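As structure tokens, the structure follows; a few thoughts come after it.
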Amino acid sequence: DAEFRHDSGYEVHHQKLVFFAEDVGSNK
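Per PDB author numbering, residue 1 is the first one in the sequence shown, and the count goes up by one each step.
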């Protein structure tokens, strides 16, 4: 349960931070 939503939101987390640096960074 914990480790499940952990690794899942772990890489997905990197997904959100990468989406912000791609948009925000794109026009930063």
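We put the CB at the ideal spot given by N, CA and C, even for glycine.
Alpha-carbon spacing of residue i relative to residue j, whole angstroms
| i | j | result |
| --- | --- | --- |
| residue 18 | residue 26 | 11 Å |
| residue 23 | residue 13 | 16 Å |
| residue 34 | residue 21 | Shown here, the chain extends from 1 to 28; a query on residue 34 therefore has no answer. |
| residue 16 | residue 6 | 15 Å |
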